[PDB]
Protein chains: 2
Amino acid sequence: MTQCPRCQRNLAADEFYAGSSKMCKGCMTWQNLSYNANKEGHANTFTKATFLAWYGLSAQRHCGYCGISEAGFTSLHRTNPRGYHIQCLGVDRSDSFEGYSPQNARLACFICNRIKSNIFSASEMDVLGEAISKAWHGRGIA
Amino acid sequence: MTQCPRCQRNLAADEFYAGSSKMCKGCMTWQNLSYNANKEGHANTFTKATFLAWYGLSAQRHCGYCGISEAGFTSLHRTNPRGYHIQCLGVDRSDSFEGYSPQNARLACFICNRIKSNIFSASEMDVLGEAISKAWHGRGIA
DNA sequence: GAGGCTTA
DNA sequence: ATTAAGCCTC
DNA sequence: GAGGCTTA
DNA sequence: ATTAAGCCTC
Ligand SMILES: [Ca+2]
Ligand SMILES: [Ca+2]
Ligand SMILES: [Zn+2]
Ligand SMILES: [Zn+2]
Ligand SMILES: [Zn+2]
Ligand SMILES: [Zn+2]
């Protein structure tokens, strides 16, 4: 446990980043969500408080398509567009025509999220997800 | 049958594009392959002649991952980066660390090709491909 | 008729 | 990261 | 400590 | 098209 200078929550080391950012993963994902929604013209019905309760804690997070844990995904050393090492799971607007909301949000790893893109429906992606999980299972990753 | 001003082959309408380009799909895919290989620093052991025999004809082409026919893929109205309507299947460098060669080339639709990216091996992608095929099968597409 | 491009 | 068809000179 | 970014 | 963590002002 230490304290996030932003939400002031008391959190385990696994809720924080490994590089030089000081805010927690929930705070950072919330700042990204709001900036992305504005830029992309998506609606956002989450408040920070509902989002943070929705996002939960690092050891409980798994991609809702492939099942990979947040630590497992971290171990793949994927890079974001900037491109720094990706260390948390993000949110998929499961209906890609709708915005951010509790009803429309689904936790997804950045690999599944980009695969799904705006091409596959969430149920089509559930089936892709199972195939992706076999890749991970084969690589010795959970 | 009409004649491609480039390879001078006598070809069915389905070997040609629907927009304003005059060269056949084989010729265009060959010009793309050579330009992309140069730009990306990939080797290319195909000659035009071996490539054209490898690429075959439109009605015989199916993605080697998801099984979608070239006409089926055309019916999805995907756009290339330019972005015009995609009307043929391309080649996947199945080992993404190696270049273009008969041994390393595999026919793939642009959807499977981008999914695979440099993330999945060809055998991991075979399993993703089967899941993608179910999406198509469900959409009434072959 | 060929060349060089821009990037979901 | 993976490519792909029409445009706009030459 | 918060803001605005660039894009496999 | 889909997003995501560190940098560099403020
Ligand atoms: Ca999504
Ligand atoms: Ca490929
Ligand atoms: Zn926080
Ligand atoms: Zn996933
Ligand atoms: Zn030709
Ligand atoms: Zn395919």
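Proteins come first, then strands; the chains are lettered A, B, ... in the order of their sequence lines, and each starts at number 1.
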Phosphate-side-chain proximity, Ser20(A) and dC7(F), N/O vs OP1/OP2 below 4.0 Å =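 Yes, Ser20(A) has a side-chain N/O under 4.0 Å of OP1/OP2 on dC7(F).
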Are OP1 or OP2 of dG6(D) and a side-chain N or O of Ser21(B) less than 4.0 angstrom apart?
->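 So the side chain of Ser21(B) is within the cut-off, an N or O lying under 4.0 Å from OP1 or OP2 of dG6(D).
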Inter-nucleotide [atom1] distance ([N], [M]), Å rounded:
N	M	atom1	result
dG3(C)	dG6(F)	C1'	41 Å
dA5(F)	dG4(C)	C1'	36 Å
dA4(F)	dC5(C)	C1'	30 Å

Can you name the side chain to side chain contact (heavy atoms under 4.5 Å, CB included) partners of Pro81(B), sequence neighbours left out?
->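 Scan of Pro81(B) (side chain to side chain contact (heavy atoms under 4.5 Å, CB included), adjacent residues dropped) gives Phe110(B), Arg114(B).
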Within this structure, what is the [atom1]-to-[atom2] distance between [X] and [N], rounded to whole angstrom?
X	N	atom1	atom2	value
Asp14(B)	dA5(D)	CG	P	14 Å
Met28(B)	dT3(D)	CE	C1'	13 Å
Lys22(A)	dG3(E)	NZ	P	16 Å
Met23(B)	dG1(C)	CE	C1'	9 Å
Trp30(A)	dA4(F)	CH2	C1'	16 Å
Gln31(B)	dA4(D)	CD	P	13 Å

Cluster companions of [X] among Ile, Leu, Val, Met, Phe, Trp, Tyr (side-chain spacing under 4.5 Å):
X	result
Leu57(A)	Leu11(A), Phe16(A)
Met23(B)	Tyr17(B), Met28(B)
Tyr35(A)	none

Using heavy atoms and a sub-4.0 Å distance, could you list which residues of residues 1-13 of chain B are near DNA chain F? By number, please.
->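 Per residue number, the list is empty: none.
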Are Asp92(B) and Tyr65(B) linked by a side-chain donor-acceptor pair shorter than 3.5 Å?
->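 Distance-only check passes for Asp92(B) and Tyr65(B).
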Just checking, any donor-acceptor pair under 3.5 angstrom between side chains of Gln87(B) and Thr74(B)?
->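 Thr74(B) and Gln87(B) do not have a side-chain donor-acceptor pair below 3.5 Å.
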Output the residues of [range] in contact with DNA chain C, where contact means a heavy atom of the residue under 4.0 Å from an atom of the strand; sort by number or write none.
range	result
residues 70-98 of chain B	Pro81(B), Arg82(B)
residues 107-139 of chain B	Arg114(B)
residues 32-45 of chain B	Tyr35(B), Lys39(B)

Pairs flagged by salt bridge (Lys or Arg N to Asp or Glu O under 4.0 Å) wherever residues 97-107 of chain A is involved - sequence neighbours left out |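 Sorted pair list: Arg106(A)-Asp126(A).
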All pairs passing salt bridge (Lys or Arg N to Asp or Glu O under 4.0 Å) where residues 27-41 of chain B contributes a residue, at least two apart =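 Output for this query is empty, none listed.
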Taking ring pair (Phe, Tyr, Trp, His ring centres under 6.0 Å) as the test, write out the residues that go with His85(A), two or more places apart.
->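 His85(A) satisfies ring pair (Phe, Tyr, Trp, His ring centres under 6.0 Å) with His77(A) once adjacent residues are dropped.
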Is it true that the NZ or CZ of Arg61(A) lies under 6.0 Å from the centre of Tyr55(A)'s six-membered ring and within 45 degrees of the ring axis?
->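 Ring-cation test returns yes.
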Please step through salt bridge (charged side-chain N to carboxylate O under 4.0 Å, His left out) for the pair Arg139(A) and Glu124(B), ending with a clear verdict.
-> CA-CA 10 Å; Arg139(A) 300 190 189 184; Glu124(B) 277 166 358; 3.2 Å; yes
Base-pair map of DNA chain D as dot-bracket, where | denotes pairing with a different strand and pairs are Watson-Crick or G-U under 3.5 Å = ...|.|||||
Starting at CG of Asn118(B), measure out to NZ of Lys116(B) and round the result to the nearest 0.5 Å.
->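 If we round to the nearest 0.5 Å, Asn118(B):CG and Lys116(B):NZ are 8.5 Å apart.
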Can you tell me how far CG of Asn113(B) sits from CZ of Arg93(B), rounded to the nearest 0.5 angstrom?
->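 Going from the CZ atom of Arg93(B) to the CG atom of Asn113(B) covers 8.5 Å.
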Does the distance from a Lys or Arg side-chain N to an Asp or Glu carboxylate O, for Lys25(A) and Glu70(A), drop under 4.0 Å?
->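 Salt bridge flag = yes for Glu70(A) with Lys25(A).
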Under 6.0 Å between ring centres, would you say that holds for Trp136(B) and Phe120(A)?
->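 Yes, ring centres under 6.0 Å apart.
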Other residues, nucleotides, ligands: >12 heavy atoms within 6.0 Å of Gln60(B) CD |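 At most 12 heavy atoms, drawn from other residues, nucleotides or ligands, come within 6.0 Å of this atom.
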